[PDB]
Amino acid sequence: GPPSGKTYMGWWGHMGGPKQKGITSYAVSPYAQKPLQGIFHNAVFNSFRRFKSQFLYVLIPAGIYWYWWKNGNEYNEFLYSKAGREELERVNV
Amino acid sequence: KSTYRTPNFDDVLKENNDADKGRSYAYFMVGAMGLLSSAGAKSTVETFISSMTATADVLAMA
Amino acid sequence: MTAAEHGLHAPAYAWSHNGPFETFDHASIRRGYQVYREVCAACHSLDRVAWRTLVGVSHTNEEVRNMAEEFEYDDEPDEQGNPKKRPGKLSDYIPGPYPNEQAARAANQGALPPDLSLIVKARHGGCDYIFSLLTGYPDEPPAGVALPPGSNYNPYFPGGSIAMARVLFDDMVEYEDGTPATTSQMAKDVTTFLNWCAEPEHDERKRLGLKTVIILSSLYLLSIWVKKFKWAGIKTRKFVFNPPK
Amino acid sequence: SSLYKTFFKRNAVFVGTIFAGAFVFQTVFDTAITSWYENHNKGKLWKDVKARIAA
Amino acid sequence: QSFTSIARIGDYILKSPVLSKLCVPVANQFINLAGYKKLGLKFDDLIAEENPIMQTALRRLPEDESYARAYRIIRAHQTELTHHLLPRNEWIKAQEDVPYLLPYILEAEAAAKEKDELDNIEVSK
Amino acid sequence: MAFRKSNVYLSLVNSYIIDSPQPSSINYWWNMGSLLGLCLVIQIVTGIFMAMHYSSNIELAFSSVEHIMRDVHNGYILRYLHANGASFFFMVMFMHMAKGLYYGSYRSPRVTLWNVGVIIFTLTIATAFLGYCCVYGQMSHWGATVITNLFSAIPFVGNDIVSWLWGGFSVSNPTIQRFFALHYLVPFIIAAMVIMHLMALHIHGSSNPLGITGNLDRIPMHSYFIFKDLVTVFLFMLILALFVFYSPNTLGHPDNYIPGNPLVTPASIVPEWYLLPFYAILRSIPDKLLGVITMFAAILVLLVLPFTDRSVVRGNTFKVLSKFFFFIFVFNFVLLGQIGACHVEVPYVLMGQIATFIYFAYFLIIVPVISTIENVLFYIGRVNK
Amino acid sequence: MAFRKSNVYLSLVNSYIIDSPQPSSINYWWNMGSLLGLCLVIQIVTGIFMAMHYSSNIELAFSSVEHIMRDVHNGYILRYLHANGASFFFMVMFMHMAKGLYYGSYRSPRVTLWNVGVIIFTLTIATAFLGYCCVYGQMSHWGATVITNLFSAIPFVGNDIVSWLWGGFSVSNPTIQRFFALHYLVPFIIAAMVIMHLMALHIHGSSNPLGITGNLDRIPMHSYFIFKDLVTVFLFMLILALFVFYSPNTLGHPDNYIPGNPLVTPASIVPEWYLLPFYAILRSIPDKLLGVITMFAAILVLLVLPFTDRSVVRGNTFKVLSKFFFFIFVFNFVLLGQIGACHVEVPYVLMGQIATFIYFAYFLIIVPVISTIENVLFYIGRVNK
Ligand code: HEM
Ligand code: HEM
Ligand code: HEM
Ligand code: HEM
Ligand code: HEM
Ligand SMILES: COc1c(O)c(C)c(C/C=C(\C)CC/C=C(\C)CC/C=C(/C)CC/C=C(\C)CC/C=C(\C)CCC=C(C)C)c(O)c1OC
Ligand SMILES: COc1c(O)c(C)c(C/C=C(\C)CC/C=C(\C)CC/C=C(/C)CC/C=C(\C)CC/C=C(\C)CCC=C(C)C)c(O)c1OC
Ligand SMILES: C/C=C(C)/C=C/C=C/C(OC)[C@@H](C)[C@H](OC)[C@@H](C)CCc1oc2c(O)c(OC)cc(OC)c2c(=O)c1C
Ligand SMILES: C/C=C(C)/C=C/C=C/C(OC)[C@@H](C)[C@H](OC)[C@@H](C)CCc1oc2c(O)c(OC)cc(OC)c2c(=O)c1C
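Chains as they are written, first to last, in this note's numbering: chain E, 15 to 107; chain Y, 199 to 260; chain G, 2 to 246; chain B, 2 to 56; chain S, 18 to 142; chain L, 36 to 420; chain V, 36 to 420.
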């Protein structure tokens, strides 16, 4: 038809992957499988894994920013109380 | 390994003494989702359609 | 910012309409209307509330009709074109005390009493704030506070200096249902009434929410199950590699 | 379950039955909820306040 | 960033025994934390392939390595979607985590760099 | 062939929604895009039904919205869906963008996809501002005033642009009537840009959490991801429902229940929450022109990431330093928003200026430096010469 | 390959507008479609700029249009472009349709193309009616009244539809505000249908005046038909300009310079000219229900032509009887419109009933009979046994 730019994805039968040989896959009908009362007993000590790896990447930046926020806030509170109106005059303009 | 030697699926396979166990569960779930969706869609359509009916302030008894 | 400039944080009272399953108390709404009529209406308009919305909420069809007819509204000119007036009907909006803004400022030392139709939604703190303001006038300002002439002190108002004096005093209203008209009782009632004015759909809205949340919850739990079923072949799929010669 | 295999017998539920069940649900569910709701709020409703007024 | 450039910097560090003893332990620990070996991948399996250098390189890979990369990638996707890692005895060991594609990449970058040089050569008389 | 393939209209549907080959391993983070299409539909449908009852005249606009709230059957549901839906539209857009950032979705060959996304984001921000003005509450009037004035910073012809945008001496009837007309239009331009977004998506397909090729194991969109989308569609609706029915005003500002007043700017004025990080960035620069330049640049700098990401692998899944600094970026962005909600006062002004620096330094400095270091670390950890 | 081919967005432009293979012999009758796209653009652009100044409240609508006429700089140009452009939009649509009728463009394999066209026509008629109501002159009010009442003819639930469409007891403020909102929407749905129209056009290409294959001699759209389109674009603009500047009210009705009055229907009420043939058809049936059924059927019967054209060649170019009866159809259609403009009086009522019959008989009787006869005439004139 109208031509076409070459891409990095094709379609079923010519996806653009490398030639596959030697790999054999197996599967079983959902119909033949245990109705979903399985997970648990086999899979709940399993997961809750992927966040043992991750929680530090989230928590430590979170901690840094929460600490930094709490500190600046408590300082602003002091500045606008009676006790701090002297420091307020100093740091303001 | 020989491709005729099928890997173990015993952890997943329902020990089949009841044949239509997963089918009856799946079709009940699929059926119930279909029911509550249709009722939801009906209610959503009626909500919008009724917003076009005469507003509370224009129903004057002259 | 200083605490005075911020205003005192209003505390959380146990309003009977707080909570997902709770309707307004309609007896409190009924009473609150009386407090509005007999105290507040002298300075505060209620422009967005039509008489008809009272019917079936706080009053009967008959009661509201009598109340509306106590007021005169402009009517269509007669056969000859001269203007003429009319008793009020249910289609009319509750009339305000002043004809224009300039007349309202004249009667209040130059200050403008806001319309109260939305006042509960137009302030942080909502019912807690309105109530606390009305019951929170100290007999004397804290020491050192120099109040402008014509101003009043109230810790819950930002800046402390408010142009409305305390107006609620014990037993200035004779509740039609026998209830002791203490100042905190009257405050509780108007505030409940003003929440209804601002949110007339409240009771019905929460009833619809209850149905909507139950259906959607079920649909959520259901779709999880259906997804897992439709994915079971893919999730338990197994591969083997036998490297080619 | 064998409760399914009595009504629908290993076949899925069909749209017509789904649509029909939905009309039934709508009415039943609404009454059940309104009932619970009005009961939970007994005392506070206009229904209840009107029972204490007469003029 | 080209692999020619990563190789330049990396080899400089690897030779000078000041840096070599300082960095490689850091790098070794970074690689273990990365976690790709627990999915059954080698680092070179991770290189973004949607460019001409990497397509040239993958084209030139011997058959047996190609089929092996294909299996490791498919096995990684399947494990990822089950939210598991492989059994530890299936993990890629450090001895196996070789730069198998690197020589083909470096070769293709040099060929490409020369063409760019020759297409733009000036002449002096 | 099957009719769904052979028919001219259905084949579009088939290639985008039914047979479209998806990488087997995409996770629930790839559900946000369908949720954005859903959001766009909710906003358009509820807006059209409200438009039927809305008057754009500056005398009538606020009351016409009160009329929708009070007199229109289910009117409060339409308005609360629209208002809360706009917020949910931004929550999900930020997540869609953050997903793209984390997994290197902006990378080649999806640069065009990313750039069109940045345009949609600008258009969506402009659309919500136009809608917010239509209420004509206090926040509406001063929002319209402040934001149209952004253009006064333009050298020589800036005040001319502003008076042209206003249609007069100040924000008035001309202004609100044209902002309604424009608010109606731009959603349809966003719809056309979404189609262009999906066109660029289709030629390369989705990426996946491993950052490598998906070509070796695809499964069809239909069934698997249609029903997987359904899971998050309902969860999305559940939560939106909890706000609309139980807490409809929690995400807005009480001052916009006060009719706009040209003579008085409330002390309590605060931008809409989804605009706060950008507001903070502008407020941190004590110069008019440079304030508005830096704020716009905070959006355009998103365009720079395909070039400053020097890594040789797509995405952060196997990158220890990049993961860490990504979350520094996210929480820095939340801080920018918390600063925006605060007063221009001592600790806050400095914190905002430092957070602003961190925001830009991420794209221009941290990512190029760190991705280079990670490149080299990957190499010397395996090569033995 | 060339960038115009390789780029995802430009290749669409290239395949539709630049390299698109056209049959060498298409004549100026094939210029109408581009003129329709141009019309759609003129209507949308001028409508949006006017919307900026328009108030849909029933108290303000007529005055807000007078405000556009008097106070808005170049406002009279926008309004007159919009109003006269709507008329020109119909002139060109009738010609585009008549072209299709004559050259057998509705035939296989372009049936889908034709059917989508019929939908666009219905949508365009509904859009112009919605706009006409927005003026709220006398013709606006009674047009809205008469046309919403079309639906009251529906068995049992008809008056319920009408009161729902009105939003009350009669055509009032609810009605005009929702008709403006709808008038703004439907042009964009027409735009999406035009894209679907061009999609079906693209897979089979244009037909040509000979009615045979174009595959043996194509020339590119670009240059040849781009510049050929330009010729009729300017001629179209010239003539539209003569009306807009020199005769801006000649195609409208003087009664719509009178504000709508719910108590008085002018004796001089006449539909817009482009609706007259259909009006006449309805008026010819002395029954309420059957009047509105027959009128709608006069539009739907266009769908029947691919089946009742029995000929074995596409188009009327080499068909003596078909050419003759085609022009009977055209001039019969003009008569229907001249009857519509007349009083319900003696000669006219009968003439309208006979012209109505001729209208339907063309599709259902004349074309099948005549095309069969012509089939046989072509055969026995050459076969010698
Ligand atoms: C009757 C019990 C009553 C109520 C209720 C009430 C409420 C009220 C509110 C909530 C405000 C707004 C305060 C704010 O800005 O947060 C307000 C303001 C004013 N009022 Fe009032 N008010 C009640 C009664 C009365 C009466 C009878 C008068 C007139 C004598 C009066 C006056 C005013 C004025 C003036 C203000 C303006 C405050 C300011 O701008 O400083 N109110 N009221
Ligand atoms: C991407 C789409 C859209 C977004 C993000 C959006 C957002 C908004 C926002 C933020 C508001 C103010 C909400 C508030 O009341 O606080 C608003 C108001 C409004 N919008 Fe939209 N809008 C969109 C599309 C539309 C469309 C297509 C229409 C159609 C006319 C429309 C009509 C209106 C109207 C009538 C109002 C005023 C009523 C109200 O305040 O809710 N909107 N919109
Ligand atoms: C109304 C707005 C938008 C819509 C409807 C939309 C829709 C989609 C859809 C359906 C997908 C595929 C599924 C997914 O990955 O979630 C997608 C992918 C993508 N979108 Fe958007 N999008 C929108 C806005 C944006 C924005 C604002 C950006 C970035 C600035 C963006 C960047 C991307 C990218 C880079 C991808 C590819 C992700 C990957 O495969 O790794 N989009 N979008
Ligand atoms: C296919 C597109 C359209 C057609 C055929 C069309 C047709 C019409 C017609 C017949 C009128 C009445 C003209 C008269 O004054 O006598 C009208 C009025 C109007 N239209 Fe449109 N229209 C279209 C699109 C639009 C769009 C997208 C807008 C955008 C809001 C719009 C806004 C208006 C306004 C504001 C009026 C009242 C001003 C006036 O009377 O001219 N129109 N339209
Ligand atoms: C806004 C309206 C429309 C637009 C923009 C449009 C546009 C086009 C364009 C660009 C062409 C190709 C050039 C030409 O043949 O003129 C075309 C062809 C065609 N259109 Fe339309 N059209 C519209 C409405 C209609 C209607 C109302 C019908 C019929 C009920 C229709 C029937 C056809 C047919 C059958 C063809 C093919 C003609 C042939 O090649 O012999 N169109 N149209
Ligand atoms: C390869 O990656 C993909 C992928 O391609 C797709 C498609 C999906 C699935 C997601 C989608 C298909 C989203 C699609 C949605 C859109 C493109 C929507 C575009 C926007 C719109 C606003 C639609 C246009 C709507 C209107 C004009 C509104 C209609 C108005 C009406 C009916 C008014 C009615 C009222 C009256 C009074 C008449 C994926 O999930 C995905 O990755 C996993
Ligand atoms: C095989 O046959 C063909 C053929 O395919 C083509 C393409 C042509 C040539 C004709 C065309 C390409 C027509 C094309 C035009 C369209 C499809 C137009 C679709 C309609 C629209 C309304 C466009 C969308 C427009 C808008 C949203 C308006 C933009 C609004 C703006 C800028 C508002 C600005 C204002 C402010 C205040 C910001 C032929 O002639 C032909 O046969 C000879
Ligand atoms: C016809 C269309 C026109 C003229 C305008 C469209 C384009 C403009 C924008 O982006 C597209 C623009 C919204 C901007 O984007 C950089 C946003 C981040 C705005 C951020 C923003 O919000 C505020 C706001 O909401 C307020 O409310 C009460 C008040 C405000 O001051 C106190 C602000 C404010 O100081 C800023 C910077
Ligand atoms: C929300 C949208 C709604 C409810 C309506 C849209 C759909 C309706 C149509 O088609 C789409 C409709 C326009 C119809 O189509 C059969 C046209 C041919 C109308 C023909 C028409 O015009 C008249 C007109 O203009 C008038 O003006 C003064 C007065 C009229 O009486 C005297 C008429 C009239 O008697 C008829 C039949």
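Just so it is clear, CB atoms sit at the ideal spot from N, CA and C, and this is done for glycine as well.
Handout entry: With 16 other Cβ atoms within 10 Å as the buried cut-off, status of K54 of chain S
Key = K54 of chain S is buried by the Cβ-count criterion.
Problem - Alpha-carbon spacing of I77 of chain V relative to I230 of chain V, whole angstroms - result: Cα-Cα distance, rounded: 17 Å.
Exercise for the section: Decide yes or no for the touch test of the region 275–284 of chain L against the region 109–119 of chain L: beta carbon pairs closer than 8 Å, at least 3 of them. Expected result: The region 275–284 of chain L makes contact with the region 109–119 of chain L; the number of CB pairs closer than 8 Å reaches 3 or more.
Handout entry: Complete runs of the alpha helix (DSSP H) confined to the region 161–207 of chain L [at least 4 residues]
Key = Fully enclosed alpha helix (DSSP H) runs of 4 or longer: 173–184, 193–201.
Handout entry: Alpha carbon of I254 of chain V to alpha carbon of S205 of chain V, nearest angstrom
Key = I254 of chain V and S205 of chain V have their C-alpha atoms roughly 57 Å apart.
Practice task
List the residues of chain G whose Cβ lies closer than 8 Å to the Cβ of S61 of chain E, in chain order.
Solution key: Those do not exist, as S61 of chain E stays about 13 Å from chain G at its closest Cβ, beyond 8 Å.
Exercise for the section: Determine the DSSP secondary structure at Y281 of chain L, reduced to helix, strand or coil. Expected result: For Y281 of chain L, the three-state secondary structure derived from DSSP is helix.
Problem - Terminal residues of the beta strand (DSSP E) in which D75 of chain G lies - result: Counting along the chain, the beta strand (DSSP E) containing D75 of chain G begins and ends at 73–75.
Exercise for the section: Alpha carbon to alpha carbon, how far is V80 of chain L from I103 of chain L? Give it in angstroms, no decimals. Expected result: Inter-residue distance for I103 of chain L and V80 of chain L is about 15 Å (C-alpha atoms, whole angstroms).
Exercise for the section: Evaluate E307 of chain L with the Cβ neighbour count: other Cβ atoms within 10 Å of its Cβ, from every protein chain shown; 16 or more gives buried, anything less gives exposed. Expected result: The residue in question, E307 of chain L, is buried, as its Cβ has 16 or more Cβ neighbours within 10 Å.
Problem - Range covered by the alpha helix (DSSP H) that runs through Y225 of chain Y - result: Run containing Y225 of chain Y: 219–248, per the alpha helix (DSSP H) assignment.
Handout entry: Residues in the region 73–104 of chain S having any Cβ partner in chain L nearer than 8 Å
Key = Result list: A87, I90, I91, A93, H94, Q95, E97, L98.
Handout entry: Integer-rounded CB distance, given that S140 of chain V should sit under 8 Å from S207 of chain V
Key = So it is not a contact: roughly 44 Å between Cβ atoms.
Handout entry: Residues sharing a beta bridge with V56 of chain G, DSSP
Key = According to DSSP, which records beta bridges pairwise, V56 of chain G is partnered with G:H60.
Practice task
Under 6 Å Cβ to Cβ from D116 of chain G, same chain only, skipping five residues before and after it: list those, please.
Solution key: For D116 of chain G, the CB contacts under 6 Å within the same chain, skipping 5 residues up- and downstream, are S46, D48 in chain order.
Handout entry: Residue of V:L70, V:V347, V:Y51 minimising C-alpha distance to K263 of chain V
Key = Distances from the CA of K263 of chain V to each of V:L70, V:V347, V:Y51 were compared; the closest alpha carbon is that of V:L70.
Practice task
Note down the Cα distance separating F342 of chain L from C168 of chain L, rounded to an integer number of angstroms.
Solution key: As the crow flies, the alpha-carbon of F342 of chain L is around 38 Å from that of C168 of chain L.
Practice task
Would you decide whether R417 of chain V is buried or exposed? Buried here means 16 or more other CB atoms lie within 10 Å of its CB.
Solution key: Exposed: under 16 other Cβ atoms inside 10 Å.
Exercise for the section: May I ask you to report which of helix, strand or coil DSSP gives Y414 of chain L? Expected result: DSSP places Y414 of chain L in helix when its eight states are reduced to three.
Practice task
Give, in chain order, every residue of the region 95–127 of chain L whose Cβ lies closer than 8 Å to some Cβ of chain Y.
Solution key: Listed in sequence order: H102, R105, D106, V107, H108, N109, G110, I112, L113.
Exercise for the section: Using 7 Å as the cut-off, classify the Cβ of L200 of chain L as near or not near the heavy atoms of ligand 8, replying yes or no. Expected result: Taking non-hydrogen atoms of ligand 8 into account, the C-beta of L200 of chain L is found less than 7 Å away from one of them.
Handout entry: Assigned secondary structure, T391 of chain L (DSSP; H/G/I helix, E/B strand, else coil)
Key = Looking at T391 of chain L - three-state DSSP - the assignment turns out to be helix.
Exercise for the section: Tell me whether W232 of chain G counts as near ligand 7, meaning its Cβ is closer than 7 Å to at least one heavy atom of that ligand. Expected result: Because no heavy atom of ligand 7 lies under 7 Å away, the Cβ of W232 of chain G does not count as near it: no.
Practice task
Report buried or exposed for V379 of chain L, applying the criterion of at least 16 other Cβ atoms within 10 angstroms of its Cβ.
Solution key: When all chains shown are included, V379 of chain L counts as exposed.
Problem - Option in G:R38, G:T183, G:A112 with minimal Cα separation from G151 of chain G - result: Nearest of G:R38, G:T183, G:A112 to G151 of chain G, Cα basis: G:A112.
Practice task
Please report how far the alpha carbon of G57 of chain G lies from the alpha carbon of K48 of chain B, in whole angstroms.
Solution key: Each residue's Cα considered, the two are about 9 Å apart.
Practice task
Check the Cβ-Cβ distances between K228 of chain G and every residue of chain E, and say whether any is below 8 Å.
Solution key: False, the Cβ-Cβ gap to chain E never drops below 8 Å.
Exercise for the section: Just mark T407 of chain V as buried or exposed, buried being the case when its beta carbon has 16 or more other beta carbons within 10 Å. Expected result: In summary, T407 of chain V is exposed, with fewer than 16 beta-carbon neighbours lying within 10 Å of its beta-carbon over all protein chains present.
Exercise for the section: Check distances from the C-beta atoms of the region 21–43 of chain E to those of chain V and list, in chain order, the residues that come in under 7 Å. Expected result: Cβ contacts with chain V: none found.
Handout entry: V241 of chain G - containing alpha helix (DSSP H), residue span
Key = Looking at the DSSP string, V241 of chain G is not in any alpha helix (DSSP H); the run it does join, the beta strand (DSSP E), is 239–242.
Problem - Candidates V:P312, V:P297, V:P289, V:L311, of which the one nearest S303 of chain V by Cα - result: Looking at the Cα atoms, V:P289 is the closest of the given residues.
Practice task
Please state if the CB of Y171 of chain L and the CB of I293 of chain L are separated by a distance shorter than 8 Å.
Solution key: Their beta carbons are not under 8 Å apart, which means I293 of chain L does not touch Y171 of chain L by this criterion.
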